[PDB]
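Notes for the one structure printed next.
A, B, C, D, E and F label the chains in the order they appear, each numbered from 1.
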Amino acid sequence: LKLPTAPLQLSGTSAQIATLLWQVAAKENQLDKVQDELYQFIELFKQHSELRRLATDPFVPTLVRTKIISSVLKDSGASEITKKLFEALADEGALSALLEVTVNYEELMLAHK
Amino acid sequence: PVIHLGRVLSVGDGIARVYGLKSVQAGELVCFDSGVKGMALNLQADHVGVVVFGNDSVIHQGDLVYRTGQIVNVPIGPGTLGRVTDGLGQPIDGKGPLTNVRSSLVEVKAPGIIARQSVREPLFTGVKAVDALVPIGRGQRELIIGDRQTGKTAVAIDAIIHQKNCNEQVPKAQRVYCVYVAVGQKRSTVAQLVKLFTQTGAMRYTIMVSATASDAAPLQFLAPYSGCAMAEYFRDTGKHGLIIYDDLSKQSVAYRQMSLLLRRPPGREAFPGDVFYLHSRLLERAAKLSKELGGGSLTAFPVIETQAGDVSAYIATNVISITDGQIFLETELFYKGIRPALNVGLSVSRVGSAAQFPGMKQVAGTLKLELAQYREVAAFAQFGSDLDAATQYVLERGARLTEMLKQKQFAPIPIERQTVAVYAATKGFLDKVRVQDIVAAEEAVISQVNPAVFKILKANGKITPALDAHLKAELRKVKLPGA
Amino acid sequence: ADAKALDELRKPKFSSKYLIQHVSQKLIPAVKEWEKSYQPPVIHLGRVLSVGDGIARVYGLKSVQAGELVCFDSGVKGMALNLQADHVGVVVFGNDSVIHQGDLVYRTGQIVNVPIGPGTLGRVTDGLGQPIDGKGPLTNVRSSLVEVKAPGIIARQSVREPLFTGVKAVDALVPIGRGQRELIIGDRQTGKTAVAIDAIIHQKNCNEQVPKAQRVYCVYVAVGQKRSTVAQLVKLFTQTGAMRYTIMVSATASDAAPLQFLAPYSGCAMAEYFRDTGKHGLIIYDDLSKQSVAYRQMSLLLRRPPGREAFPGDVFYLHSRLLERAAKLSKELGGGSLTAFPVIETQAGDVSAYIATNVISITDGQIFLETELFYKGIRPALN
Amino acid sequence: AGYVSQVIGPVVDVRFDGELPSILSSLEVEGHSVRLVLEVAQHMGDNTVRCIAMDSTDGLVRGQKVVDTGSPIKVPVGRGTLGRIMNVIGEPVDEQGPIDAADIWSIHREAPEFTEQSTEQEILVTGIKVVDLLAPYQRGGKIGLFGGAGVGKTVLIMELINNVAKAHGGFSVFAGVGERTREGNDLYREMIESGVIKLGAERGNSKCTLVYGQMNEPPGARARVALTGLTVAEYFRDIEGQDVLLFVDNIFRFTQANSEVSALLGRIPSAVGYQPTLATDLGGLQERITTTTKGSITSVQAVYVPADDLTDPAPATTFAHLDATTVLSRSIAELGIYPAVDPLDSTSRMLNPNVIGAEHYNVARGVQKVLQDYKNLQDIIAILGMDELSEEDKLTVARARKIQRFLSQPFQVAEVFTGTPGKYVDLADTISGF
Amino acid sequence: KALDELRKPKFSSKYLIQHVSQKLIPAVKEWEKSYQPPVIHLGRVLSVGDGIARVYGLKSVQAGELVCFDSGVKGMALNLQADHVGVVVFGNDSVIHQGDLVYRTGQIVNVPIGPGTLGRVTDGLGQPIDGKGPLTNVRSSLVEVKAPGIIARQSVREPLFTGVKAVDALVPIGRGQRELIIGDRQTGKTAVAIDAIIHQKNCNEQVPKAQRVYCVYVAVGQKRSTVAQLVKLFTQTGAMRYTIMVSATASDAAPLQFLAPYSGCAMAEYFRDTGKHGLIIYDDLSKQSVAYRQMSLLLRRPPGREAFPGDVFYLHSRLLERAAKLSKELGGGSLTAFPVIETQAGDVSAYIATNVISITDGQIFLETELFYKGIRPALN
Amino acid sequence: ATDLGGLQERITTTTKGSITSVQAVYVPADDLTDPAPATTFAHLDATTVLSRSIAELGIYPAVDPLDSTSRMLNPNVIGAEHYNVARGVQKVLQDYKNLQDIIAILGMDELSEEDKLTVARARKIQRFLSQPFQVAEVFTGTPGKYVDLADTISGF
C-alpha cells in the first residue's frame, strides 16, 4: 500500500495521528472538510461540559465513551474520517488529544500550501 | 547569514530544553538572548538539550536561542602563554583580550598510528623519585594518582617549574611549554599557583586554564579539552608541550552532572556509559608526532584522586588503562617522612628506560633493584624476629636510598645533579653516614663536588669512563656531616 | 505544537456549524440513556483512581490542603501528601485492602491531628489517637496538629531541673535535664525499654510528693513492637499506678507503616499539651529505628530515590523535626518542658550506622547499653 | 466478570468492567488446565487489578474469563484437616479424597486486637528437659529453631507435636514454607510411622495438619502458605479454644518468597535487596501468633541465617519477634546427646525470675554457669592434663558431665525405631531433678 | 478558560497510532476492501532488537506459547501485555524487521522425548546438531512440566555411583536426589560430572534392564569446540549409547540457553516416568541464569539484587524439583540432577549460588586451593 | 555473555583451516571476579593468567603458575614426562605458598628440613619460570632467550 507523503515530518503520539489524519484526508481530497470538522470539535468541547467529560474524566466507562461519540456523529457531517478517528480516540481514551492533534494538522495544512 | 532561532521550552539546573533549532549540529555552540552561551549536546526529535556555559538564572521560558554555526572552539597560539583563561578560552586574569592567537576546535581527532613515532627523548620532572624510578618521555601520558592530600599537585607543579629551568639552557627547538588545567578547584588555590608561577618565572611558558568550582559543570567538563587544544598548538607546530589535567576526577563529576541532568541513564556510581571515552578521547591526544608532522610532542599528566587508597575506583581504573605510566602516591608514605610519597612498588612507566637519561639509566638500575630488596626485608623486621647481616645490609642501604629520594616541595633538581646524588648513594659513597642526615648530607655532595663536572655529565648525557673515575675520585674529597 | 499555537484554538475559527448544532440536539439524549453507567461527577469530593502499596491516588479533591486528613467511605483515614495537577496521592492510615478504585474520598478540612488534653491521660491509643484500650472514646480532650513546628531560639531556656530517672547508673553518671533529649541506644535485648520503663514508674512515685507544677506526665510511644509486649506494658503501668500519668501510643508491627511513621508525632503532640501549659512531659519513642524503617517503606513505595542504607535522605528530618519538639520553654511561654528518650536498636554494637548517627547528632546525650556488660549480669549495662 | 489483561510471568493483570475486587481477594481463572487462583495485589486504575498467581501462568490468554470469589483465599479449617496435607489454596495434596471441612476461613485476617490480647506471659511446658529448664517456651511466643540436618530436628518437631497434644490438649499445624518436596515427603512418612499422623479410618486421631507450599510453586504460592498455616491454627485457637503449635518451617523462605513478590510487582528493593515491606510482611504474619482469651498459638519457626550474618535484615527483623531460640548443634549430637539442644547457645526471654520464679531461674542460671565453666577449660585439659587441675575444678567437670548427660531424654515418637520408651518430664520434676 | 483541561493529553497505550491506523486507513474508499490487518492468530512486529520483538496483535496467544515469524525463525510469547506481546527470539533477530508477520503456532514449547534421543546431540530446542538426520523414534512432549508432588515421591534409597572415590565415600548420592557441583573455574566441575556419565556406562552392562541409568548432559553457554570434545570423549568410551547431549552454546540466543536445561530435563523425564533411571547434568546453571537475566532486562521486567528477575529462584527450583525418585505406583523411576554452579573467588554468598544451594539436597564443593595441592577431585 | 559469545564462536578451527587465537584480556582492578574477564574464561583453551604479585617480585613474564590453566595439560595429550613435571612444579609452588604464611611470620627455622627443602626448591623454580624476552631487550636490558620444549622439561 502507499499513502501520500506528509509535507513536513513531525514528532510522535499526537503529531503522529495528525500525520496519518492528513494522509487519509489527502487521498480523499478532504483536506479542508476534515480540518474544519476538527475546528467544530474544538468548539464543541467549549459548549458542552458532558462532551469534555468524555475526555478528562477517567471514571467514564469505555463502553459509554465509545457509544456516545458513535451515537452523536451520525447522519450529518460524517465524512468517514472525522467519524472513524473519533471512535478510535474514544476507544483508547485519547479524546483529550484532540487539541494537540488539531494544531499539528494545521502545520501540515500550511505546508501543503 | 540566515540565523536559525530556537525558543526555550524549559530551563533548570544549568540545562535548557530548546524547541526548534533543527539545523543545529551536535556539539554546536548556541547563543541565548541573555548573552550566555550554550552547547547543544543531545539533539532529540522534539527538542534540543543545551548545557549552559554559565548561570541559568538569566534564561527564561520562551527565550530566543540563536545558533552560532560553529562547534565549540578556543583561541590557540603563543598569545595564550602567560595568561589565565577560563574553561573555554576567555582570559580571567584581567589583562585584556588574547592578542596573537587563533580559534581552533576543542574536540579534535587524536593523531593516528601513521602520525606517531616512538617516545625516545626524556621529559625531566626535576623530582628525582620520578626521574630515576618512573621516568617520563616526551609524548607519554603519565597518571599522578593518589589520596586527597598526597602532594600530587606538588609533583605536577615541579614539572612545570623545572621546564623553566630547562628552557633557559636548551636551544629554541627543544623547549617545553606547559599548560596547567585546573578543574573544579578553588579560585584562591589557582591564584596561589599563578602567584607561584610568576615568582618562579614559570609563567612565561605556562598557560593556566581555570575551571573553578563556581563554574558551570559544562565549563569544567570542557576545560581539559580546551587546555589540550591550547597545548596541541605546540605539538602541531614542532614544539613540545606539557599538559597537566589537575583532577580529571573532578572533570568526570562535572560530566556526570550534565549527563544526569540531560537524563542520560546512570552507570556504575551514577556515571555516564561513555565516561571511559571521556578520558580516552582526551589523553590519546598526548602524542609524539613523526618528523613528517614536525616532531612535536605533548606530554600529559592526568591527576586522579582516590578515596582511601582505593585505586579500584570506576574513574581511577579507567585512567590507569589509558595512561602509559603511573605515579602512585601513598598517604602512609607521606607521613613516614618520605616526600614525595611515591609508592615505588606500584609506580610504573610503560615507556621505561627507553626515554630516560643515559647518565641515570645505568645508575638507577641498581637503585630500583636495591629498593626491591629493601621492601620485603622491611616487612619481616617490622615484627622483630631475627637478623642475617646480609638481610641487614640491604635493609640498611635501602634506608639510605629511601632517604635519598626525598626532595624539597618547591625546588626541582637538574638531571645532572640527580644522577650524581644517586651515584653517591648507589656506589656506597654515602655509607659511613647516619640514616638521619642524608637529607642534609647531599647538599655537601652537590656543592663541594666541582660545578664543572656537572657540565660534562650534562653534555655527554652519560658517565664516560674518563668521568666515572674522576667523579668517584671527587666523591672522596668531600666532607660529609658526622662521618 | 508550541504554546503560542494552542491558545489560538481558544478563539473560534470554523465559520461552519453544520455539526456543532447537529450533535447539540443529540448529545443530551445520548447522555441520558447512559446514566446508570455514569458514576456521579466529583469536584470537591474525591474518587480513588488507584490504590496499592498503601498509597491511594485520588481524583478530584479540589480544595484539599497539603497534609490534610482525608476520610475514605470505608471509614479509614488518609493524609494528602502530594497534591498533583490530575490527582492527589494520599497515604492510608490503616489497611489498604478495604479501599477500592471508585471509592469516595471525603475531606475533613483539617490538617492531620490527634486528641490532646487531660482526658487522653490514662489511655492506650493507636498512631492516630483512636483509643484501643476498649474503655470508650476520648472525652475531655481537643484536637491538635501532629506536625507542629518546634519552638525557636527565643522561646527556650536552658535546662535546670533534674528529672530523676530512678536508675542508679543513669541519675549518677549521665543525669537527665528536664527539657533534654537523651538517646537510649544499644543492641537487641540490652534493657533499652527497662531504662525507659523505670523512668516512667519513678515519676509515679515522685508526682505524689511534688506540689502540682513539678509533676511529670509521661507518654510511651511503641513503634513496630508486638501487641503482646505493649499489652504486657499497660498491665505493668496499671498495676504500679503509673497509668494515671501515662499516655500509651501504640503502633504495633502488624499496623500500617504510615501509622508507625505517624505514631511518634501523634504522641509528641499529646505530650506537647503538658509542655505548652506549664507542666512537664516525658516521652519515650521506643524503637525510633523502627519508625525510620516504616518511613523507608513509604518512601520506597512512593518510588523516592535508595539512600546510604536505602533510607529516603529526608530520614534525618524525620527525626530532627520530631526531637526538636522536646524543649524547655522560657518563662513567658509558661516554663513547661518535654523530655524525650528516643530508643535506637543497634546491630552488633555498630553505632556508625545511618539512623544511629543521625539521632546522635540530634539528641543531647546518649545512654549506651553494652551487650557484653548485659551478658555478665551488670544490668543496667551502661557503657 | 473480569478478563485477563496482561500476563507478565507470575503477575497477571485482570480487567473488570464492573466493580473491582478488593485487594487480597481471590480470583479464579475460568477455564485452565490446572486450577489457577490469583490474589489481588493492587488496583492499577483503568479498571485493572494486578494479581499474583498461586500456580503457573503458562497457557494463559489475554481475554480469559476470571471469576471473582468476593473474598480472600478461603481454606478448609477444623478437625477434619488434621492428618491431611493441604496446599496454599486449600486443596488436598495427600491424595486421600476431599477435606472434611468444619468451616472455610479467609487466610487474610487482622491480628487480635489490644483488648483480646493476653497480659500474663506464662510458660508452655514441653516435656523436654533442656527446653523447659534452660530455654523455656512462652505460651503464645515465637521460637527460633537453629537446627539443620542430622541434629534430630524432625524428631524434635514430632515430639513437640506429641507432648503438646498429650499434655496441653492442643493440635499442631506444620507450615512447610518453600520446602523441598523430597524433604516434605520425608516429614509426611516420618509422621505416619511415629503416630502423629494416621491414615484411613483412624484419621481423626492425628495431631498435626500439614500445610505445604513447595519450592517449585510460584513465589505467590509460597508467600501465602504460611498464612494458610496460620488460619488452620487460628481456628483451633478461636473456635476450638486450644493451645496450638505452629511450625513455620524456614521463616527465611517466607521472607524470601515475599521479597520475590515485591520484586515482581515492581517495587523498589530496600537495604540488602529485601522488600521495603519486609518488617510489615513479616510482622503481619507474626502478630497473629499470640495468646488471646480463647487460646494461644505458639510457633516454632526454623530460622536460617543467610551469610552467617545475624545483622542481615531478614534474621534481624525476625529476631525482634522471637521470644526464645533453640539451637541444635552437631557437637552435642556427636556426644550421643538427644535432643541436641545446645545448653548455652539456646536463649529465652522467658528466662528471668519475674515470669518463671526465683527457684526455676537460679537452677537454670546455675546449670548454665557449670557448663560454661566446664567448656572454657577444655583447652587447658588437652595441653596440661586431666588429672592436672584442682579437685574443685574437676568437681565441676564431674558435675557438668552428669548434667550434660542429664539433658538427654528418650522421645515417645522415636520409640518405634530405638526401642527405648519415651518419657514426658514435668516441670517441677526438672527443677527439683536439676 | 474552559478548554484548559484538554491542554495536555495522557495515553494509556504507547502504541496508540497502531490502533488509530486500524480504523482510519480502512475508511478510505479504496481500502474498505481486501486491506485490513488480522490480529487474532497473527501479529505485526512493532520493534525488534537484542533478540526481543514487540509484536502488535496476537490476541489469542498463550503465555509461553511458541510463535513463528514469517522468516521461519521461532520465538516464545513471554510478555503478554495489553497492547502488544514481548517475544523472545529463538535465533538472530537480524532477519526480523518492523512490520514482519508473526504467526502463532498454537503450541507451548515442545521437545522430542523418547528412545530416539539417545546418542544424539541436540540443541536447546531438541533439534539435532550432529547432522545424523531427524530424531526418528521420539514423540513430542512439553518443556515446562509440573514437578511431581509429595505422594508421587518415595524415599531416596538406591545409591547412584559416580565412580569418584571422594564422592562415593564422603558425599553419597542417591537415585533421585539433586547434588550441586559447585566450585570455581577449572576446579574439576565437569571432571566430576563426566566421571558420573562414564561410570554409568560401565555399570549398565552389568545390571538388569530395570536398573540401568541413562544420562543427559546439558551444555549451557559453553563453546562448540568443548561440546565437540565431549561428544568425541563420549563416543571413544562408548557412553553415547546411554547419553543425550543438549547443547545451547555461547553463540546461541539467550532464549535457547534459558530453555536448554528445561529441554534436557524433559528428555530426561522420559526415563523417570517410565520406570527407568535418569541422570541429568547441567554444565552451567549459573550460565543459564545469566541468559535468563538477559531476556528479563530486555523485556524490561523489574531487576533484582544482581539485576536478576524476581522469579530467578522460581527459575531454578521449578527445574530442579523435577528431579525426583518416584513411588512404586508410578513405576519407581528416578531422576538425579547435578547442577553446576561456577563461583567467583569461591564465595557461596553469590545470589544464584545461594539459590541453588537452597534448592538442592547436598553440594560438592570443589576448592581451587586443594586443586594445586595435588588433590583431584579438589573436593572440600 | 551473548555479545562476547557471538564473537568468540567465530574464532574457531574448522575443517577448512585453523585460527590460532591469542587474546589479551584486561581485568579491571586485578579482579578476575569481574564479569567481563569471567565470561571470557569459558571460551578459551589456555588461560595464561598474569599476576601483579609475580610482577612486583621481578619475575617476568609475570605468569601466575597456578592460575594458568590449559586443556593441553592432559597426560594422554602431552605425554607423561611433560604432565608429571608440570604437575610436580605446581605442587612445589603450592606447598611454598602454604608455607609462606608461616615464613613471613616466623622465618624458616622450624620446618624440619623437609619443608625447608621445598622452599628452596620452589624459589629456584620461581626464578626458572622467569625468562628474558626478545622484545623486552629495551626494558630488561638482556638479550632474549628462546627455550625449546625439550630443554624446559629437562630443566624443571
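Rule of thumb we're sticking to: a residue touches a chain if its C-beta (ideal position, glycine included) is under 8 Å from a C-beta of that chain, and two chains touch if they have at least 3 such contacts.
Minimum number of contact steps separating chain C from chain D: 1.
Averaging the CA coordinates per chain and comparing them to the mean over all protein CA atoms picks out E as nearest.
Here the spacing of chain B and chain D, counted between their Cα centres, is 64 Å. Per-chain Cα centroids separate chain A from chain F by 72 Å.
The centroid of the Cα atoms in chain D and the matching centroid in chain E are 34 Å apart.
Distance between chain centres (mean CA atoms), chain A to chain D: 62 Å. Taken residue by residue, chain D touches two or more other chains at 45-47, 267, 269, whereas all remaining positions touch fewer. Of all residues in chain E, those touching 2 or more other chains are 3, 7, 10, 12, listed in ascending order.
Chain A has residues 11-12, 14, 42, 58, 61, 63, 93, 99-100 in contact with two or more other chains. Note for the complex: chain A touches chain D at residues 58, 61, 63, 93. By the touch criterion stated above, chain C contacts chain E in their complex at residues 6, 9-10, 86.
Those residues of chain D that touch chain A in the complex are listed here as 17, 45-47. Residues 19-20, 22-24, 41-45, 47, 50, 108, 110-115, 117-119, 121, 140, 267-271, 276-277, 279-280, 283-284, 286-288, 290-291, 310-311, 316, 319-321, 349 of chain D are the ones that touch chain C when the two sit in their complex.
Across the complex, chain C meets chain D through its residues 48-53, 57, 95-102, 124, 132-134, 188-189, 224, 226-228, 230-232, 234-235, 250, 252-254, 256-257, 290, 293-294, 296-297, 299-301, 303, 306, 309-311, 345, 347-348, 350.
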